[PDB]
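Given as structure tokens, the chain that follows is alone and in the form solved without the partner chain.
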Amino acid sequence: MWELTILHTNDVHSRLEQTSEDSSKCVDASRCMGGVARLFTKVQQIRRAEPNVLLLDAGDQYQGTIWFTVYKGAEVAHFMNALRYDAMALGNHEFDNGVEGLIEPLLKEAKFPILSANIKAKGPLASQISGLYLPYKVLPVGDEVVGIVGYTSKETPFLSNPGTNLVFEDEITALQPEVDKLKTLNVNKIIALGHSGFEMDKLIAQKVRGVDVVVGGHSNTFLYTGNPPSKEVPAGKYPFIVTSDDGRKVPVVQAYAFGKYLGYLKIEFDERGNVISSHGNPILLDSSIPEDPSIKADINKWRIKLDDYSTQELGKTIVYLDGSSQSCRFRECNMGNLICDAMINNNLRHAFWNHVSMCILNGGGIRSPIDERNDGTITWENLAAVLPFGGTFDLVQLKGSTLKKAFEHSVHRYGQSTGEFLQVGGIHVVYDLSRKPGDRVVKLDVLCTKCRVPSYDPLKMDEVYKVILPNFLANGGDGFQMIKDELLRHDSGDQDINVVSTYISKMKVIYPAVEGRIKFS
């Protein structure tokens, strides 16, 4: 009846300090959630009360706040070491700053194993990266041993910068042999830890034989059994039980994201290394759990470098700038409208032809909301959380067919928190999700340029339009292969942050609204 307590975080996304419950900057400290210093308290309490504890991360500690912008990963390595994480699987964002941006800050500093069984190194890189990351690590858990096989999304080269010499294999194909190797080493307790999303995690559990528990992330999935503690509605019960093809019940877990919740799963194992019981729930990390003084004091030492960013206010918002994934990836969100307006305003300030009236933007690219409760105030730090990436707002030229195609893509796999869903500037779209995928756009009206008075006219499949979009999309990011393939021109614009930072500095006081640009039938 050997009991294992699995504690896990996924998609912390540079959320080192305690946050608001929407995961934005903390204002009212007493009503603030998350943090690393608050995580350390709960982890330590659990480690006291429980004999066999593992602390894991399913990737995406990289990218999100001014913490990563400045420390570029050093903060992940330093604080994950203080919290004494047992393992961490590689996420797509760990490659955002290139392989040198992963090797030097994280791989070379992390005093704990970093894992991925489907990333295959090629060329001279292989002998450089030797043992910096591993397909698995066999860990001593008291008087027993626990093997943990890692995995990273096949999609990392289309979401990040992992370079031309890392091969991203299919997870199931790359996992099953490593599991069988651990099996022939008599490792009876196998955990799959990785960054591919809940739907992938469900199949890893179903297909990869020998896996006792699947720990995941990427899809920012919140799972809960009972009455949730906050605003997150669960996708399913915690853990999610997958009846695998070999006849076992495989528990699948995820801890939402941004370090708001600490995943907690108690596992009963037999002498043979099989699951008998699998129960728990994610602990909401809040005010009712103090921040450890030593970690908090240390967090404050690292905050001196970051202080010289929030210094200047670029404007004030009288409304809540909803940049949440739960809004921006399912329907029209005021942060989308605000950004898309700033892009058009950027272009039309210095401009029938050369005039731009259209803007598209993948909702997943909107990485944080902004609270209006702090005197309306907006700083660089506030924006750096919304737009962390470092892209540009590029000018493209598209056929009515290519624009139709992208909008049909926008809602092809709708209701999955998929970031392909587009927020729009100077476009009026109407979707009918009852209809089969690819014929879900029932109306699409676009603002005209070849007109003295701009009005919305039905989109013409044979006309040519001049859209402002992020470079990520211009480059066929988010599956928009048709943009990169069928574009008739592409001129590269200005830095995403600077574009929106110019506009807020201009408007002085902003108030974007949900006015019906995107609609549903």
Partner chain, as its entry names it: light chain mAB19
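Numbering follows the first chain given and starts at 1.
The discussion below concerns the form deposited with the partner chain bound, not included here.
- Annotation: in the entry with it bound, residues 203, 209 and 269 none come within 4.5 Å of the partner chain through any heavy atom.
- The partner chain is not shown here, but in the entry with it bound it comes within 4.5 Å of a heavy atom of residue 134.
- Residue 181 belongs to the set of residues with a heavy atom inside 4.5 Å of the partner chain in the entry with it bound.
- Using a 4.5 Å cutoff between non-hydrogen atoms, residue 243 does not count as a contact of the partner chain in the entry with it bound.
- The closest non-hydrogen atom of residue 433 lies beyond 4.5 Å of the partner chain in the entry with it bound.
- Contact annotation: the partner chain lies within 4.5 Å of heavy atoms from the stretch 123-131 in the entry with it bound, the single such stretch among 259-267, 219-227, 123-131, 194-202.
- Taking 400, 419, 234, 113 one by one, only a single residue has any non-hydrogen atom within 4.5 Å of the partner chain in the entry with it bound, and it is 113.
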